[PDB]
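Novice: See data_28.cif below, with mmCIF, C-alpha atoms and all ligand atoms.
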```cif
data_protein
#
loop_
_atom_site.group_PDB
_atom_site.id
_atom_site.type_symbol
_atom_site.label_atom_id
_atom_site.label_comp_id
_atom_site.auth_asym_id
_atom_site.auth_seq_id
_atom_site.Cartn_x
_atom_site.Cartn_y
_atom_site.Cartn_z
ATOM 1 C CA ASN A 1 0.000 0.000 0.000
ATOM 2 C CA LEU A 2 2.195 2.884 1.299
ATOM 3 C CA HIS A 3 5.794 2.352 2.379
ATOM 4 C CA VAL A 4 7.609 4.571 4.862
ATOM 5 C CA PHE A 5 11.149 5.647 3.954
ATOM 6 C CA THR A 6 13.840 7.398 5.953
ATOM 7 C CA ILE A 7 16.042 10.149 4.520
ATOM 8 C CA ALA A 8 18.985 7.745 4.678
ATOM 9 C CA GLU A 9 17.068 5.231 2.559
ATOM 10 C CA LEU A 10 16.132 7.925 0.040
ATOM 11 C CA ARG A 11 19.787 9.006 -0.150
ATOM 12 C CA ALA A 12 20.713 5.469 -1.187
ATOM 13 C CA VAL A 13 17.786 5.490 -3.639
ATOM 14 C CA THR A 14 18.827 8.796 -5.275
ATOM 15 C CA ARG A 15 22.654 8.681 -4.856
ATOM 16 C CA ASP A 16 22.438 11.285 -2.085
ATOM 17 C CA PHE A 17 20.135 13.456 -4.229
ATOM 18 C CA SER A 18 22.851 13.894 -6.831
ATOM 19 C CA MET A 19 22.212 16.490 -9.499
ATOM 20 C CA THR A 20 22.645 13.681 -12.051
ATOM 21 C CA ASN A 21 19.267 12.438 -10.763
ATOM 22 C CA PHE A 22 17.628 15.864 -10.637
ATOM 23 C CA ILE A 23 14.573 15.732 -12.919
ATOM 24 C CA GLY A 24 13.275 19.300 -12.639
ATOM 25 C CA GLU A 25 11.601 21.775 -10.336
ATOM 26 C CA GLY A 26 7.943 20.774 -10.241
ATOM 27 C CA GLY A 27 4.803 22.560 -9.147
ATOM 28 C CA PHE A 28 5.311 21.435 -5.537
ATOM 29 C CA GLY A 29 9.120 21.233 -5.230
ATOM 30 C CA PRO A 30 12.139 19.539 -6.832
ATOM 31 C CA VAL A 31 11.930 16.021 -8.264
ATOM 32 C CA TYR A 32 14.678 13.388 -8.374
ATOM 33 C CA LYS A 33 14.748 10.010 -10.032
ATOM 34 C CA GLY A 34 15.835 7.009 -8.007
ATOM 35 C CA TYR A 35 15.981 3.229 -8.072
ATOM 36 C CA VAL A 36 14.601 0.843 -5.450
ATOM 37 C CA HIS A 37 16.199 -2.609 -5.502
ATOM 38 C CA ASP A 38 14.232 -5.772 -4.752
ATOM 39 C CA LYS A 39 15.650 -5.677 -1.224
ATOM 40 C CA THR A 40 14.894 -1.999 -0.502
ATOM 41 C CA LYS A 41 11.342 -2.601 0.838
ATOM 42 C CA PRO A 42 9.530 -5.898 1.565
ATOM 43 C CA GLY A 43 6.637 -6.398 -0.824
ATOM 44 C CA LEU A 44 7.874 -3.728 -3.272
ATOM 45 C CA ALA A 45 9.429 -4.836 -6.555
ATOM 46 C CA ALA A 46 12.600 -3.295 -7.959
ATOM 47 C CA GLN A 47 11.733 -0.261 -10.088
ATOM 48 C CA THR A 48 12.651 3.314 -10.936
ATOM 49 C CA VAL A 49 10.964 5.909 -8.728
ATOM 50 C CA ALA A 50 10.416 9.660 -8.636
ATOM 51 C CA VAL A 51 11.188 11.317 -5.297
ATOM 52 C CA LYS A 52 9.476 14.670 -4.726
ATOM 53 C CA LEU A 53 10.629 17.084 -2.030
ATOM 54 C CA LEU A 54 7.630 19.164 -1.039
ATOM 55 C CA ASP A 55 8.097 22.947 -0.787
ATOM 56 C CA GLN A 56 -0.649 13.554 6.824
ATOM 57 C CA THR A 57 -4.309 12.614 6.484
ATOM 58 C CA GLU A 58 -4.128 13.718 2.850
ATOM 59 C CA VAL A 59 -1.182 11.450 2.058
ATOM 60 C CA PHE A 60 -2.939 8.447 3.573
ATOM 61 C CA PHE A 61 -5.989 9.371 1.447
ATOM 62 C CA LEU A 62 -3.754 9.651 -1.697
ATOM 63 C CA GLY A 63 -2.449 6.071 -1.053
ATOM 64 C CA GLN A 64 -6.057 4.710 -1.312
ATOM 65 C CA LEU A 65 -6.543 6.350 -4.774
ATOM 66 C CA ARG A 66 -5.347 3.302 -6.816
ATOM 67 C CA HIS A 67 -6.256 3.100 -10.534
ATOM 68 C CA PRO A 68 -4.455 2.015 -13.730
ATOM 69 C CA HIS A 69 -4.462 5.604 -15.051
ATOM 70 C CA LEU A 70 -3.139 7.359 -11.945
ATOM 71 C CA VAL A 71 0.561 7.529 -11.103
ATOM 72 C CA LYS A 72 1.146 5.172 -8.144
ATOM 73 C CA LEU A 73 2.137 6.798 -4.864
ATOM 74 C CA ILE A 74 4.613 4.230 -3.485
ATOM 75 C CA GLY A 75 5.404 5.837 -0.141
ATOM 76 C CA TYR A 76 6.627 8.820 1.811
ATOM 77 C CA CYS A 77 9.198 10.193 4.213
ATOM 78 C CA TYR A 78 8.451 12.695 6.988
ATOM 79 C CA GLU A 79 11.679 13.508 8.797
ATOM 80 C CA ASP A 80 12.811 16.736 10.453
ATOM 81 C CA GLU A 81 10.909 19.474 8.600
ATOM 82 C CA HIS A 82 11.171 17.444 5.393
ATOM 83 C CA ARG A 83 8.190 15.971 3.546
ATOM 84 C CA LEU A 84 9.032 13.678 0.632
ATOM 85 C CA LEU A 85 6.766 11.589 -1.594
ATOM 86 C CA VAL A 86 7.849 8.526 -3.580
ATOM 87 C CA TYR A 87 6.088 7.806 -6.882
ATOM 88 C CA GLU A 88 6.355 5.282 -9.655
ATOM 89 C CA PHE A 89 8.661 6.717 -12.294
ATOM 90 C CA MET A 90 6.961 7.359 -15.638
ATOM 91 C CA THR A 91 9.583 6.357 -18.191
ATOM 92 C CA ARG A 92 8.627 8.785 -20.978
ATOM 93 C CA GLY A 93 7.803 11.741 -18.754
ATOM 94 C CA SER A 94 5.124 14.253 -19.454
ATOM 95 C CA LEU A 95 2.972 14.426 -22.562
ATOM 96 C CA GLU A 96 4.055 18.017 -23.273
ATOM 97 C CA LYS A 97 7.587 16.849 -24.140
ATOM 98 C CA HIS A 98 6.281 14.537 -26.871
ATOM 99 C CA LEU A 99 3.204 16.316 -28.208
ATOM 100 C CA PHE A 100 4.746 19.669 -29.173
ATOM 101 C CA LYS A 101 7.713 18.190 -31.047
ATOM 102 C CA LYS A 102 7.778 19.297 -34.679
ATOM 103 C CA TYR A 103 7.008 15.776 -35.946
ATOM 104 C CA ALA A 104 5.954 13.603 -32.939
ATOM 105 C CA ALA A 105 6.402 10.419 -34.972
ATOM 106 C CA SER A 106 5.775 8.193 -31.961
ATOM 107 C CA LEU A 107 2.289 9.746 -31.462
ATOM 108 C CA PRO A 108 0.135 8.549 -34.375
ATOM 109 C CA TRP A 109 -3.632 8.954 -34.176
ATOM 110 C CA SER A 110 -4.435 5.766 -32.280
ATOM 111 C CA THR A 111 -1.717 6.453 -29.674
ATOM 112 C CA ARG A 112 -3.148 9.955 -29.144
ATOM 113 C CA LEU A 113 -6.622 8.442 -28.754
ATOM 114 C CA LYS A 114 -5.241 5.855 -26.286
ATOM 115 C CA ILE A 115 -3.694 8.716 -24.275
ATOM 116 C CA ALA A 116 -6.923 10.738 -24.345
ATOM 117 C CA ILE A 117 -8.899 7.683 -23.196
ATOM 118 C CA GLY A 118 -6.552 6.803 -20.325
ATOM 119 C CA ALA A 119 -6.473 10.391 -19.082
ATOM 120 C CA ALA A 120 -10.279 10.460 -19.182
ATOM 121 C CA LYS A 121 -10.519 7.198 -17.202
ATOM 122 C CA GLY A 122 -8.157 8.581 -14.547
ATOM 123 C CA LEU A 123 -10.123 11.811 -14.213
ATOM 124 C CA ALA A 124 -13.430 9.916 -14.076
ATOM 125 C CA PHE A 125 -12.062 7.766 -11.245
ATOM 126 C CA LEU A 126 -10.878 10.842 -9.333
ATOM 127 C CA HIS A 127 -14.211 12.616 -9.861
ATOM 128 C CA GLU A 128 -16.179 9.561 -8.681
ATOM 129 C CA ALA A 129 -14.044 8.935 -5.579
ATOM 130 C CA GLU A 130 -15.309 8.917 -1.988
ATOM 131 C CA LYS A 131 -14.006 12.469 -1.795
ATOM 132 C CA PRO A 132 -14.028 14.316 -5.148
ATOM 133 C CA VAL A 133 -10.432 15.000 -6.161
ATOM 134 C CA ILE A 134 -10.197 17.993 -8.552
ATOM 135 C CA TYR A 135 -7.084 19.742 -9.973
ATOM 136 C CA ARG A 136 -6.605 23.538 -9.681
ATOM 137 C CA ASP A 137 -6.168 23.396 -13.506
ATOM 138 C CA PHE A 138 -5.858 20.145 -15.547
ATOM 139 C CA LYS A 139 -2.866 20.691 -17.891
ATOM 140 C CA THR A 140 -0.853 18.772 -20.505
ATOM 141 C CA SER A 141 1.943 18.241 -17.984
ATOM 142 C CA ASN A 142 -0.391 16.433 -15.554
ATOM 143 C CA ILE A 143 -0.396 13.520 -18.045
ATOM 144 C CA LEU A 144 2.694 11.300 -17.726
ATOM 145 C CA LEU A 145 3.525 8.431 -20.070
ATOM 146 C CA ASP A 146 4.993 5.002 -19.360
ATOM 147 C CA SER A 147 7.200 3.103 -21.834
ATOM 148 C CA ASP A 148 4.118 1.901 -23.779
ATOM 149 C CA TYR A 149 2.712 5.476 -23.956
ATOM 150 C CA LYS A 150 0.074 4.533 -21.387
ATOM 151 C CA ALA A 151 -1.305 7.708 -19.816
ATOM 152 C CA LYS A 152 -1.277 8.181 -16.041
ATOM 153 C CA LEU A 153 -2.293 11.318 -14.181
ATOM 154 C CA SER A 154 0.165 12.987 -11.834
ATOM 155 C CA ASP A 155 0.074 15.501 -8.980
ATOM 156 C CA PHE A 156 -3.569 14.667 -8.240
ATOM 157 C CA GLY A 157 -4.962 15.795 -4.891
ATOM 158 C CA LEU A 158 -1.812 17.775 -4.055
ATOM 159 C CA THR A 159 -7.927 33.956 -4.113
ATOM 160 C CA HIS A 160 -8.612 36.991 -6.309
ATOM 161 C CA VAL A 161 -8.949 37.418 -10.064
ATOM 162 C CA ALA A 162 -5.448 38.706 -10.805
ATOM 163 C CA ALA A 163 -3.787 35.832 -8.940
ATOM 164 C CA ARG A 164 -6.014 33.190 -10.542
ATOM 165 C CA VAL A 165 -5.321 34.373 -14.080
ATOM 166 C CA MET A 166 -1.640 35.285 -13.693
ATOM 167 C CA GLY A 167 0.576 32.795 -15.460
ATOM 168 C CA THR A 168 -2.182 30.492 -16.686
ATOM 169 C CA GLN A 169 -1.455 29.050 -20.110
ATOM 170 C CA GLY A 170 -4.989 28.238 -21.238
ATOM 171 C CA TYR A 171 -6.119 25.293 -19.071
ATOM 172 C CA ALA A 172 -7.874 27.036 -16.160
ATOM 173 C CA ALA A 173 -11.654 26.862 -16.428
ATOM 174 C CA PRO A 174 -13.481 30.117 -17.297
ATOM 175 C CA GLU A 175 -15.702 30.018 -14.202
ATOM 176 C CA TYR A 176 -12.689 29.418 -11.923
ATOM 177 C CA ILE A 177 -10.808 32.412 -13.441
ATOM 178 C CA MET A 178 -13.781 34.826 -13.026
ATOM 179 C CA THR A 179 -15.420 33.613 -9.760
ATOM 180 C CA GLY A 180 -12.945 31.167 -8.136
ATOM 181 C CA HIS A 181 -15.580 28.372 -8.263
ATOM 182 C CA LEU A 182 -13.793 24.979 -8.618
ATOM 183 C CA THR A 183 -15.806 21.785 -9.375
ATOM 184 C CA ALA A 184 -15.233 18.525 -11.253
ATOM 185 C CA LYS A 185 -16.429 20.352 -14.404
ATOM 186 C CA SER A 186 -13.416 22.689 -14.104
ATOM 187 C CA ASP A 187 -11.113 19.702 -14.730
ATOM 188 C CA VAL A 188 -13.252 18.747 -17.758
ATOM 189 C CA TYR A 189 -12.538 22.141 -19.326
ATOM 190 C CA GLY A 190 -8.788 21.594 -19.003
ATOM 191 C CA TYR A 191 -9.160 18.065 -20.348
ATOM 192 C CA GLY A 192 -10.946 19.545 -23.361
ATOM 193 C CA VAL A 193 -8.013 21.871 -23.982
ATOM 194 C CA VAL A 194 -5.557 18.960 -23.816
ATOM 195 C CA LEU A 195 -7.759 17.006 -26.240
ATOM 196 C CA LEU A 196 -7.555 19.956 -28.655
ATOM 197 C CA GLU A 197 -3.785 19.856 -28.218
ATOM 198 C CA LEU A 198 -3.780 16.139 -29.036
ATOM 199 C CA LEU A 199 -5.910 16.709 -32.158
ATOM 200 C CA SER A 200 -3.930 19.743 -33.396
ATOM 201 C CA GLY A 201 -0.437 19.137 -31.921
ATOM 202 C CA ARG A 202 -0.404 22.853 -30.902
ATOM 203 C CA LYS A 203 0.093 24.244 -27.356
ATOM 204 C CA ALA A 204 -3.070 25.788 -25.784
ATOM 205 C CA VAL A 205 -1.346 29.204 -25.737
ATOM 206 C CA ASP A 206 1.530 29.985 -28.103
ATOM 207 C CA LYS A 207 2.614 33.622 -28.283
ATOM 208 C CA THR A 208 4.828 32.896 -31.312
ATOM 209 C CA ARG A 209 1.785 32.078 -33.484
ATOM 210 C CA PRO A 210 -0.109 34.786 -35.393
ATOM 211 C CA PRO A 211 -2.366 36.734 -32.994
ATOM 212 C CA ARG A 212 -5.503 35.105 -34.452
ATOM 213 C CA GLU A 213 -4.036 31.665 -33.579
ATOM 214 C CA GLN A 214 -2.348 32.410 -30.243
ATOM 215 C CA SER A 215 -5.219 30.884 -28.244
ATOM 216 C CA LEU A 216 -5.842 27.363 -29.517
ATOM 217 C CA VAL A 217 -9.364 27.290 -28.061
ATOM 218 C CA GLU A 218 -10.583 30.597 -29.484
ATOM 219 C CA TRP A 219 -9.008 29.854 -32.857
ATOM 220 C CA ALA A 220 -10.290 26.276 -33.104
ATOM 221 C CA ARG A 221 -13.806 26.629 -31.694
ATOM 222 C CA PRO A 222 -15.475 27.845 -34.949
ATOM 223 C CA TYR A 223 -13.967 24.945 -36.950
ATOM 224 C CA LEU A 224 -14.924 22.146 -34.523
ATOM 225 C CA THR A 225 -18.473 21.946 -35.955
ATOM 226 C CA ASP A 226 -17.188 22.349 -39.569
ATOM 227 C CA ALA A 227 -16.347 18.797 -40.801
ATOM 228 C CA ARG A 228 -15.063 20.138 -44.188
ATOM 229 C CA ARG A 229 -12.796 22.762 -42.498
ATOM 230 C CA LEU A 230 -11.768 20.570 -39.501
ATOM 231 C CA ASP A 231 -8.473 19.912 -41.319
ATOM 232 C CA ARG A 232 -7.476 23.505 -40.503
ATOM 233 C CA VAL A 233 -7.234 22.274 -36.888
ATOM 234 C CA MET A 234 -6.043 18.685 -37.281
ATOM 235 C CA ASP A 235 -2.316 18.030 -36.851
ATOM 236 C CA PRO A 236 -0.732 17.820 -40.351
ATOM 237 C CA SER A 237 1.415 14.984 -38.953
ATOM 238 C CA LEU A 238 -1.768 12.923 -38.597
ATOM 239 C CA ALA A 239 -2.872 13.263 -42.250
ATOM 240 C CA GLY A 240 -4.333 10.000 -43.527
ATOM 241 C CA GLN A 241 -4.602 8.129 -40.215
ATOM 242 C CA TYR A 242 -8.192 9.115 -39.301
ATOM 243 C CA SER A 243 -11.554 9.279 -41.007
ATOM 244 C CA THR A 244 -13.433 12.601 -41.238
ATOM 245 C CA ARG A 245 -16.156 11.028 -39.004
ATOM 246 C CA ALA A 246 -13.527 10.014 -36.382
ATOM 247 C CA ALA A 247 -11.933 13.515 -36.361
ATOM 248 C CA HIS A 248 -15.348 15.224 -36.217
ATOM 249 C CA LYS A 249 -16.479 13.131 -33.235
ATOM 250 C CA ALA A 250 -13.264 13.694 -31.268
ATOM 251 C CA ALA A 251 -13.512 17.408 -32.088
ATOM 252 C CA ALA A 252 -17.122 17.367 -30.846
ATOM 253 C CA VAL A 253 -15.932 15.805 -27.580
ATOM 254 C CA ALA A 254 -13.370 18.608 -27.197
ATOM 255 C CA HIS A 255 -16.000 21.226 -28.167
ATOM 256 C CA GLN A 256 -18.282 19.990 -25.389
ATOM 257 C CA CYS A 257 -15.524 19.912 -22.784
ATOM 258 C CA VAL A 258 -14.442 23.513 -23.488
ATOM 259 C CA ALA A 259 -17.981 24.920 -23.297
ATOM 260 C CA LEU A 260 -17.959 28.179 -21.351
ATOM 261 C CA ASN A 261 -20.996 26.906 -19.431
ATOM 262 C CA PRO A 262 -19.842 24.231 -16.922
ATOM 263 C CA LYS A 263 -23.314 22.659 -17.086
ATOM 264 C CA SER A 264 -22.781 21.820 -20.785
ATOM 265 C CA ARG A 265 -19.583 19.907 -20.107
ATOM 266 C CA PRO A 266 -19.819 16.104 -19.948
ATOM 267 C CA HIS A 267 -19.023 13.780 -17.110
ATOM 268 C CA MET A 268 -15.641 12.209 -17.743
ATOM 269 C CA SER A 269 -17.159 8.710 -17.892
ATOM 270 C CA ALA A 270 -19.236 9.950 -20.840
ATOM 271 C CA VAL A 271 -16.032 11.174 -22.503
ATOM 272 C CA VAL A 272 -14.554 7.680 -22.072
ATOM 273 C CA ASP A 273 -17.708 6.195 -23.649
ATOM 274 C CA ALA A 274 -17.567 8.588 -26.605
ATOM 275 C CA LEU A 275 -13.867 8.083 -27.438
ATOM 276 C CA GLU A 276 -13.411 4.310 -27.061
ATOM 277 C CA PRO A 277 -15.360 3.448 -30.279
ATOM 278 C CA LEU A 278 -12.889 5.604 -32.215
ATOM 279 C CA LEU A 279 -9.953 3.330 -31.243
HETATM 280 N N1 LIG A 301 6.304 10.242 -11.506
HETATM 281 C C1 LIG A 301 7.083 10.893 -12.365
HETATM 282 N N2 LIG A 301 7.799 10.182 -13.266
HETATM 283 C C2 LIG A 301 8.578 10.847 -14.127
HETATM 284 N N3 LIG A 301 8.773 12.156 -14.250
HETATM 285 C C3 LIG A 301 8.052 12.837 -13.347
HETATM 286 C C4 LIG A 301 7.207 12.295 -12.398
HETATM 287 N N4 LIG A 301 6.631 13.299 -11.637
HETATM 288 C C5 LIG A 301 7.124 14.405 -12.130
HETATM 289 N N5 LIG A 301 7.995 14.199 -13.167
HETATM 290 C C6 LIG A 301 8.702 15.224 -13.923
HETATM 291 O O1 LIG A 301 9.360 16.083 -13.020
HETATM 292 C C7 LIG A 301 9.332 17.446 -13.517
HETATM 293 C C8 LIG A 301 8.657 18.345 -12.509
HETATM 294 O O2 LIG A 301 7.555 17.648 -11.878
HETATM 295 P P1 LIG A 301 6.038 18.027 -12.247
HETATM 296 O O3 LIG A 301 5.488 18.976 -11.243
HETATM 297 O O4 LIG A 301 5.255 16.780 -12.498
HETATM 298 O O5 LIG A 301 6.239 18.784 -13.637
HETATM 299 P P2 LIG A 301 6.041 20.315 -14.043
HETATM 300 O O6 LIG A 301 7.279 21.027 -13.571
HETATM 301 O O7 LIG A 301 5.893 20.327 -15.544
HETATM 302 O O8 LIG A 301 4.799 20.772 -13.331
HETATM 303 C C9 LIG A 301 8.663 17.364 -14.895
HETATM 304 O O9 LIG A 301 9.635 17.195 -15.917
HETATM 305 C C10 LIG A 301 7.788 16.119 -14.753
HETATM 306 O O10 LIG A 301 7.452 15.542 -15.994
#
```
Could you take the file, read its structure, and then write that structure out as C-alpha cells?
Ligand SMILES: Nc1ncnc2c1ncn2[C@@H]1O[C@H](COP(=O)(O)OP(=O)(O)O)[C@@H](O)[C@H]1O
Specialist:
Amino acid sequence: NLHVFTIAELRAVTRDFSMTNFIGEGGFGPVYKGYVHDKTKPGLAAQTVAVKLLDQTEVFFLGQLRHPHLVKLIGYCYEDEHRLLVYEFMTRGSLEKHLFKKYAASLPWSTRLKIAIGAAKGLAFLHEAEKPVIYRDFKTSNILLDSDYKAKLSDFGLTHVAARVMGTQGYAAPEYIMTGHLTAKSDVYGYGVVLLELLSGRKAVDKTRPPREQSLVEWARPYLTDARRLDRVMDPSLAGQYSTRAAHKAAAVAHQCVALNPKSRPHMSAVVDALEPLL
C-alpha cells in the first residue's frame, strides 16, 4: 500500500540526491529520479521511482486512490521538517515533451486516442471517488507516459482574479478564473483543452503564433463543428490516419468539454464512452 522511507534510505535510492538524478523543479518542489532494488522494501518490486521534495491525512488518502491511469504513490518520508513523496517513475515523462515536437512520430492517431482515453478514465475515477479530487487546472503536464505510452495522471490531490489568471497558459476553467468556483467540471474544461492539443499538436497558448491563432481554443472553436474545415485544426502529422467522421467526433468531444458553461460539459465517464469506439 504505502511504504515509509527514511532520509537515509532515500539518499541510497537517489545517490544522495545527486544532481545527475535531478529531474526538474515541479509545481510542488524539486523532483529526483531514483531506483529501489528488490531488497529496498519488503513487498515492493525493484523499479525506478520519482522522489518529490515538497516545498498527513491527505497522504494516507492519496495512497487509497489506486487506478491504472493514476501515477502510483509508493510511499513517503516525513523527517525533520522534510516531507518527501515517492512515486512510480513514468519512463517517458510528461505528454508536453512529446506532443509539441515538430514531428511527434511516436504519437500517431491511435496512440493519441489511447492517451486521451486513459487520461479520461483517470479523471473519471478521481471525480467519482469517496471524496471528489479535482485539480486547480488540468494541464498537458499532468499527463505522464509510461514506456508503452500509457497515460497516467500525476500531482492529483496535491484567491482573487489577478492571482487566478496570472501565469495560466490556457487550461484554467473560465468560471474558476472569473469567480474562483472549482468543481469537477473545471477539470473537464482543461481536459478539453488537452484534447484539442492532441488533435492539433499545438500548445493551448503559443505567443509565437499569429495573434488570431495564439489561443488554440478561441481559434479552433469555430472549426470544430465544420467537418469540411476541420483539417485547418487537425495536426498535419496525422494526415491519412483518421476518417473525417472520427476527427469530427473527437472534435465534438473537445468542443463539449471547453464549453464556457460548466453545465454543458460532460461527465468524464461519458467522454470515455464517446472516445473508445474511435480506437
Ligand atoms: N512520476 C514521475 N515520473 C517521471 N517524471 C516525473 C514524475 N513526476 C514528475 N515528473 C517530472 O518532473 C518534472 C517536474 O515535476 P512536475 O510537477 O510533475 O512537472 P512540471 O514542472 O511540468 O509541473 C517534470 O519534468 C515532470 O514531468
Novice: I would like the residues chosen by the PyMOL selection byres (((chain A and resi 260-265) around 12) and not hetatm) on the shown file; could you give them as a PyMOL selection string?
Specialist: chain A and resi 172-178+181-192+217-218+221+252-259+266-271
Novice: Within 6 Å of (1.1, 8.6, -12.3) (file coordinates; all atoms listed in the file), which protein or nucleic acid residues are there? I'd like them as a list in words.
Specialist: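 The residues near that point, listed by chain and number, are residues 70, 71, 72, 152, 153 and 154 of chain A.
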Novice: Pick out the residues sitting within 12 Å of segment 37-41 of chain A, and hand them over as a count of residues only; count all atoms listed in the file, and ignore anything fewer than 6 positions along from it in its own chain.
Specialist: 17
Novice: Could you list, with a cut-off of 6 Å and counting all atoms listed in the file, the residues of chain A near ligand LIG 301 (chain A), each shown with its nearest atom pair and the distance in Å rounded to one decimal, rows sorted by chain and ascending number, as a Markdown table?
Specialist:
```
| residue | atom | partner | partner_atom | distance |
| --- | --- | --- | --- | --- |
| A:23 | CA | A:LIG301 | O1 | 5.2 |
| A:24 | CA | A:LIG301 | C7 | 4.4 |
| A:25 | CA | A:LIG301 | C8 | 5.0 |
| A:26 | CA | A:LIG301 | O3 | 3.2 |
| A:27 | CA | A:LIG301 | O3 | 4.2 |
| A:31 | CA | A:LIG301 | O1 | 5.4 |
| A:50 | CA | A:LIG301 | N1 | 5.0 |
| A:87 | CA | A:LIG301 | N1 | 5.2 |
| A:88 | CA | A:LIG301 | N1 | 5.3 |
| A:89 | CA | A:LIG301 | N2 | 3.7 |
| A:90 | CA | A:LIG301 | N2 | 3.8 |
| A:93 | CA | A:LIG301 | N3 | 4.6 |
| A:94 | CA | A:LIG301 | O10 | 4.4 |
| A:141 | CA | A:LIG301 | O7 | 5.1 |
```
Novice: I'd like the interatomic distance between atom CA of residue 85 of chain A and atom CA of residue 133 of chain A, to a tenth of an Å.
Specialist: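 Atom-to-atom, atom CA of residue 85 of chain A and atom CA of residue 133 of chain A are spaced 18.1 Å apart.
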Novice: Between atom CA of residue 65 of chain A and atom CA of residue 7 of chain A, what is the distance in Å, rounded to a tenth?
Specialist: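 Answer for the atom CA of residue 65 of chain A to atom CA of residue 7 of chain A separation: 24.7 Å.
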Novice: To verify the selection step, state as a VMD selection string which residues the PyMOL selection byres (((chain A and resi 145) around 12) and not hetatm) yields on this input.
Specialist: chain A and resid 69 to 71 88 to 99 107 111 to 112 114 to 116 118 to 119 140 to 144 146 to 154
Novice: Find the residue from A:224, A:129, A:54, A:44 that sits nearest to residue 158 of chain A; use all atoms listed in the file when measuring.
Specialist: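 With all atoms listed in the file as the atom set, the closest residue is A:54.
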Novice: Please build the interface table for segment 95-143 of chain A against segment 235-246 of chain A with a cut-off of 7 Å, listing for each qualifying residue the nearest atom pair and the distance in Å to one decimal; count all atoms listed in the file, order rows by chain and increasing number, and write it as CSV.
Specialist:
```
residue,atom,partner,partner_atom,distance
A:103,CA,A:237,CA,6.4
A:108,CA,A:238,CA,6.4
A:109,CA,A:241,CA,6.2
```
Novice: Quick one: distance from atom CA of residue 206 of chain A to atom CA of residue 229 of chain A in Å, one decimal?
Specialist: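 Taking atom CA of residue 206 of chain A and atom CA of residue 229 of chain A, their separation equals 21.6 Å.
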Novice: Using only C-alpha atoms, which residue out of A:234, A:275, A:53, A:105 lies closest to residue 82 of chain A?
Specialist: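 Looking at the shortest contact to residue 82 of chain A, the residue is A:53.
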Novice: Specify the axis-aligned box that encloses all atoms of segment 253-264 of chain A listed in the file after padding of 6 Å on each side, stating its centre and edge lengths in Å to one decimal as JSON.
Specialist:
```
{"center_x": -18.3, "center_y": 22.0, "center_z": -22.5, "size_x": 21.9, "size_y": 24.4, "size_z": 23.2}
```
Novice: Can you turn the PyMOL selection byres (((chain A and resi 56) around 12) and not hetatm) into a concrete residue list for this file, as a list in words?
Specialist: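 When the PyMOL selection byres (((chain A and resi 56) around 12) and not hetatm) is applied, the selected residues are residues 57, 58, 59, 60, 61, 62, 63, 76, 77, 78, 83, 84, 85 and 158 of chain A.
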Novice: Looking at only C-alpha atoms, which of A:22, A:138, A:156, A:223 is the one that sits closest to residue 193 of chain A?
Specialist: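 Among the listed residues, the smallest separation from residue 193 of chain A belongs to A:138.
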Novice: Considering all atoms listed in the file, return as a PyMOL selection string whatever protein or nucleic-acid residues lie within 6 Å of residue 205 of chain A, sequence-local ones (same chain, fewer than 3 positions apart) excluded.
Specialist: chain A and resi 169-170+214-215
Novice: Counting all atoms listed in the file, which residue out of A:194, A:29, A:64, A:167 sits closest to residue 131 of chain A?
Specialist: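 Of all the options, A:64 lies closest to residue 131 of chain A.
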